[PDB]
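Undergrad: Before I ask anything, let me first share the structure, which is written out below as structure tokens.
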Amino acid sequence: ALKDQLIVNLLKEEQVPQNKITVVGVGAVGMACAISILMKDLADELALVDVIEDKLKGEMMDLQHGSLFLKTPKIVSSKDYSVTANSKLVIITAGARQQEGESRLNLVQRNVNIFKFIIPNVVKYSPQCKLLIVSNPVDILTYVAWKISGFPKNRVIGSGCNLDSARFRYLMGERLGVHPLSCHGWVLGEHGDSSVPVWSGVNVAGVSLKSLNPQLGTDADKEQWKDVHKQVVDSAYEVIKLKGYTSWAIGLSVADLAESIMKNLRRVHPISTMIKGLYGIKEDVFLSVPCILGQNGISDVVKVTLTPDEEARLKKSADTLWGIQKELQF
Amino acid sequence: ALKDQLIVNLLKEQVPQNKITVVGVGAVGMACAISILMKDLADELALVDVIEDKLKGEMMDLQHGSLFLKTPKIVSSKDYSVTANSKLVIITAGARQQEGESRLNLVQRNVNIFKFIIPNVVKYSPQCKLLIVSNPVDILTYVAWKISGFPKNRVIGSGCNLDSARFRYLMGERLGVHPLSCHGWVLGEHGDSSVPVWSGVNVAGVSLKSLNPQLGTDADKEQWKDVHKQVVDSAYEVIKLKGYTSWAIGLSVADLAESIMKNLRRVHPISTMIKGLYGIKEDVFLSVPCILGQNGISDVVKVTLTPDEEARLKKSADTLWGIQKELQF
Amino acid sequence: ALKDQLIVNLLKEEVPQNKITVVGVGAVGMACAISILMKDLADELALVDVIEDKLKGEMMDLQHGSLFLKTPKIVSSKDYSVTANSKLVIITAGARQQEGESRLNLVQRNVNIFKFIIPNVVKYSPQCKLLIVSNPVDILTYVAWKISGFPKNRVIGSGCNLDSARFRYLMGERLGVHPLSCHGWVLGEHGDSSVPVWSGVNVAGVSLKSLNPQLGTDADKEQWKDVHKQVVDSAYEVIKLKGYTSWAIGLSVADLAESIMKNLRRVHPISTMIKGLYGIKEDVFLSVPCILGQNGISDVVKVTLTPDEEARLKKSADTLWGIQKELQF
Amino acid sequence: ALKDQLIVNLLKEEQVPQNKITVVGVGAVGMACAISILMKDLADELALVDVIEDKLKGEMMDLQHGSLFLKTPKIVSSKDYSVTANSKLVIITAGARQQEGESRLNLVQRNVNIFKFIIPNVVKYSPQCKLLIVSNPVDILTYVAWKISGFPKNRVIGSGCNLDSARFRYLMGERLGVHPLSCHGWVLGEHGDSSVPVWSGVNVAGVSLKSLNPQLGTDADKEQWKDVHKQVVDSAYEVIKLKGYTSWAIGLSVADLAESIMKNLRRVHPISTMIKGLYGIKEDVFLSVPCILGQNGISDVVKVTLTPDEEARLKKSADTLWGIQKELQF
Ligand SMILES: Cc1nc2ccc(NC(=O)CCNC(=O)CCCc3ccc(CC(C(=O)O)C(=O)O)cc3)cc2s1
Ligand SMILES: Cc1nc2ccc(NC(=O)CCNC(=O)CCCc3ccc(CC(C(=O)O)C(=O)O)cc3)cc2s1
Ligand SMILES: Cc1nc2ccc(NC(=O)CCNC(=O)CCCc3ccc(CC(C(=O)O)C(=O)O)cc3)cc2s1
Ligand SMILES: Cc1nc2ccc(NC(=O)CCNC(=O)CCCc3ccc(CC(C(=O)O)C(=O)O)cc3)cc2s1
């Protein structure tokens, strides 16, 4: 055999991966997550799962052909969740997505039914993984993943407002002529229409914009900064309208969260977690607050001091989600 | 204004220094784009297409990921003025082959498109290299060269960089070695007439043909020729499963973009003019190993081919030359 | 020749596009060099020093790692012709402080050395950005500005970029949060008179001073003032233990190089002329938050300092102008 | 406390790192290894060990102060090996180094005695690690570390000729005007004076340079390519003469090996391993041959086809190392 003439084998060695990530769903979002994760060298094995077998195999092969240009030496796929065994991180991107001009909340029942199949299968093969929920409505679906999985809450994370905040900082940076990395500001609450821009924390170099413009973000704002948050809220709708769907920004947002988890960075991200206790919330509502994210998922939450107006808006985001969540059966 | 309360401007207009343009925002163009962005190759990225909503949507979606990137300006337009001062312009526009359709069947459609795109590209970017991805890529690199009037060093086809990456992937799987450490060259047409250079296939400098002189022949007990067949068939297998290909070509193009933008002078199997070599007397473009840097292809490696390998490469050349005789400018 | 048997040359090429020069191959210069190489910032790296053996050895040692890098030309000489066409020239030459010695004590030794260095740099790269790292950095940025004849945007001092990084590290350790998510600014002189801006210290936009009004004062139960004291004493503590500092300043300088080379327009606390701010009427350079990109410092952020914070800064200011006004060169 | 006003803890912090690397020795080589590893984002924790307390703490602090610019969230150090617990990779750079005009082989008794202390303490706290030997003479010290550790031979790796080959490829590329990445050539055998340039394997794009110039590497060679190997052999001595020591190139070479190990790449490197049973060698000689390197260390060896002269030179390298190795007591 040519291989045995060339190479003396010293070790048989089932190569059990140490930094494996699974992406469930090979729609545009799943594949954007996949490419971003591959190009950030976060995983030693990447597994893809879907129910459409030709599509799944083709995406896998397409990725495999780029292996020379990557540093992820095993890429695998199957409809069978055994392919997902030993994942540190499992990212769920499966489900229906909103039409142009349709709320994410309109997807809830269809994606809950899907999660009733997906989540136990994931947990069966990787009982100690962190789950990262991307599917919409992400705050509710993170609650549902949590209830279905039986995992402790630190290990069930929603991608939440990591992207809304990235969008906010992009638009802020465009207005100011400063890189988004140096423009700070937080969008919290629902990943959707009722998200809350925290005007009180918006700053560059520690200089609060609200101290320079007391009306910042209100109707009375002469520069109408509220329209920056409106743009954040409308972003998905606009991109859907233009291109049909969104993919690249969310892929990058998800890869950013995967990086904090896989590298134990303990950076702070606005992501969906259980907020029972804070700002007077008594039910098991999940929504985005700033969380410390690392190898054990969400270990700590930053307590933002919200103005009465910001707290009011966040109470209302919380109310909207509990309004849908409450009726659920699964 | 708030901006002026916060920031004192101290300085008056700069050219981007490391700009890349991608023409075409299909799956291939956008895969090139995301790969280039994630490799930090450019200080400005421009996208061009003819479908305006789709173009704006793609631009916006990349823009929204700016926090996670180091490319501070992403722009798009149907108008080529947006591409001004590019160092590299990557062309991914055109028709794509159906299942069972040869890339060579795309030539008249993509030539007509190139007659528009190429003069508009070169107009605004005096320092650019032209990297052609659209198919048939060897023929279209010749077409881009003829229309642009650029010198040959500046007009590069993505060629067999991807075919060779595929070959090395498949070889790696057979041998249990990373593709980076598995060496082997697929030359000629990026298509059905490509040529696997068995004489050069090696790990750690050890020629696999020296261990098995039957390597890659019908007598080969391990049928290594099927690795090359899988290379030839790979686009059509992926097309059949997924409907198109994107990720691997995107990564292959970003690999070439890296060598050009960083002046690396790595060797790649990419489409260039081969008149003068292997008894080829006409202006045929096809893949040979080329040294690629900031001025494009500055040098060509003269691969010593066996008589059979050389005849296969000349057959690829003849096929491509035949199609070139169909071209009308 | 073997080269010509293997390779056919297409053209005789021109000048690098992303060249960086490091002046000084002491521990700081080489830490800047390796960090720059590992961040893929330059297509050419040039080293200059006056100790020829040491210079050649450092260059060779870097060259020997080229396989693992993507910087295709690494060069060195005592002669500044080697620095031609640099985009960025980083000056790390000069005396460094012994244990217990003040940075201000270095001033006449390093001013003398800059009288030789700066005109030679400007002769070969008249369009470069100058990044001054030698100490006292605020005064030596002034000196390089005056000698070079460059506009102020192109003469930048590393300033408090490192001090702020140290602050964010110490803050991170106290809070159990990555420094990337812990925000706070140390401004003014890169030395004992630096100013911690307590009003701006925050995580996720939540002001630490709002939670603890006495933050940074003597009444502070947790003595956060000690964090700024540790920042001030950092270089001295490290010098006492190891004899010098290198890694952190090297990384800090590479971070600034990254913003400049990739035109990122991030905000950094670096030395620039602050005449017109905080009741400063003279040509003083010290650290404020600056937007840094391909033309150097284009913009300054106006930090709203408390009366005590501003007093501390106008004191940092006065300390530096005392010396600066009387320099002869 | 302020931390508790700011942050609500949700999870009891049982932190155990997943991708920890330890560097023993904070000399120039050790610290070059460290900064290179930090800048390649290979580890979630970096531990340093030495016996000089102040120098150790200074180096650790200096790295820590750059944390903002890195993605390695915990950097620690101690004279005590408890600090190294749970390492996946431990890199040994400790020991005497050669003076100008002294052979690496002359360091053997000093560094064997040091290894008798270091190696048992490393394996005490990191039972899962790969051991990467950098100290000299590296080939013999890999053998020694193997015998002392009780590890299987796949997990005890010498940095070997990974550097000599990188030097060879740099000089080659300089001559041809090609990036070293595309200039292929192998230097095998001792990391030292008896190393063997494999001229028969030297190629660009699969084109043998020896087929073009049959005299390649011999004295009759008009272009004197043998001088390239001579420069490889003399590299350390030349740089030591000029600069006092070497650091950057070995640091990058070690980080290259660490990347293949930590990311399970299965790339081929010329590194120190047992060669008993190849080329007629009958004793437990360790030297560099091309090896496949991954998460379990060296799993496979490539059998290079050498010319009779190349093979004789390799056999001679083995004989030289055995001549020193057979006298060792530990
Ligand atoms: C039993 C079963 N098992 C499986 C297994 C796999 C699959 N496979 C799929 O379902 C793949 C197709 N589905 C998608 O890709 C949905 C993507 C959702 C999405 C879209 C956009 C954004 C970001 C966006 C916004 O928030 O709207 C913004 O803000 O930009 C976030 C999330 C189906 C089943 S059924
Ligand atoms: C006047 C005008 N100006 C414009 C400007 C823009 C556009 N825009 C588009 O045309 C966008 C849509 N077109 C595509 O995306 C074509 C991609 C071609 C492709 C596909 C696959 C592979 C690799 C593959 C293989 O070789 O088959 C393998 O080997 O995997 C290579 C190349 C149209 C016009 S019209
Ligand atoms: C006519 C002539 N031309 C030349 C050309 C070259 C040279 N070459 C050298 O002088 C090389 C040796 N010199 C050094 O390396 C000086 C390092 C300065 C330093 C040290 C520490 C920190 C950071 C530190 C802090 O800021 O204090 C902290 O905060 O950690 C910053 C800066 C001499 C001459 S003479
Ligand atoms: C009981 C004890 N425990 C400890 C623990 C720590 C320490 N600490 C130190 O010993 C620190 C100082 N020692 C060094 O740093 C030695 C570096 C060796 C080196 C130098 C150069 C090259 C590459 C080079 C070439 O091969 O020569 C080329 O080819 O370029 C390779 C290897 C002492 C003790 S004692």
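The first residue you see is number 1, and the count goes up from there.
A Cβ is built for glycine as well, from the same backbone N, Cα and C atoms used for every other residue.
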Undergrad: Looking at Swiss-Prot, which one out of C:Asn85, C:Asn120, C:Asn135, C:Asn263 binds substrate in the same site as C:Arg103, C:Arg166, C:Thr245?
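TA: When Swiss-Prot describes the substrate site, the candidate it includes is C:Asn135.
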Undergrad: Where Swiss-Prot marks phosphothreonine, which residue is it, choosing among C:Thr21, C:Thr319?
TA: C:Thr319
Undergrad: Out of C:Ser181, C:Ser210, C:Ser298, C:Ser316, report back the residue that Swiss-Prot marks as phosphoserine.
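TA: That would be C:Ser210, per the phosphoserine annotation in Swiss-Prot.
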Undergrad: Starting from C:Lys78 (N6-acetyllysine), work out which of the recorded positions listed here (C:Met38, C:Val50, C:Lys115, C:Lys123, C:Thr245) have their Cα within 10 Å, and give them in sequence order.
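TA: Checking Cα-Cα distances against C:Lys78 (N6-acetyllysine), the recorded positions within 10 Å turn out to be C:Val50.
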Undergrad: Restricting to the same chain and to sequence separations of six or more, state which residues have a Cβ under 8 Å from that of C:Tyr236 (phosphotyrosine).
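TA: C:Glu99, C:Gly100 - these are the non-local Cβ neighbours of C:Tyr236 (phosphotyrosine), listed in sequence order.
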Undergrad: Which of these recorded positions is closest to C:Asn135 (substrate binding site) if you go by CA atoms: C:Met30, C:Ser210, C:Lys229?
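TA: Nearest candidate: C:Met30.
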Undergrad: Taking the Cβ of C:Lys12 (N6-acetyllysine) as the centre, count every other Cβ atom within 10 Å, in any protein chain shown.
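TA: The Cβ of C:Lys12 (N6-acetyllysine) has 7 Cβ neighbours within 10 Å.
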Undergrad: Under 8 Å Cβ-Cβ to chain D, which of the recorded positions C:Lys12, C:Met38, C:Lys78?
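TA: Sorted by position along the sequence, the hits are C:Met38.
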Undergrad: Let me check the 10 A CB neighbour count of C:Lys78 (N6-acetyllysine). How many other CB atoms are there?
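TA: For C:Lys78 (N6-acetyllysine), the count of other Cβ atoms within 10 Å is 12.
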Undergrad: Just the number: how many Å between the Cα atoms of C:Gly26 (NAD(+) binding site) and C:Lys115 (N6-acetyllysine)?
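TA: Rounded to the nearest whole number, the Cα-Cα distance is 19 Å.
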Undergrad: Around C:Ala42 (NAD(+) binding site), how many other CB atoms lie within 10 A of its CB?
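TA: Cβ-Cβ neighbours of C:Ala42 (NAD(+) binding site) within 10 Å number 28.
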Undergrad: Take the recorded positions C:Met30, C:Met38, C:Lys54, C:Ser210, C:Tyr236, C:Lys315 and keep those with a Cβ under 8 Å from any chain A Cβ; what remains?
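TA: From C:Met30, C:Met38, C:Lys54, C:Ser210, C:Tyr236, C:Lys315, flagged as close to A: C:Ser210.
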Undergrad: Can you tell me the CA-to-CA distance separating C:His190 (active site, proton acceptor) and C:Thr319 (phosphothreonine), as a whole number of Å?
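TA: C:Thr319 (phosphothreonine) has its Cα 12 Å from the Cα of C:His190 (active site, proton acceptor).
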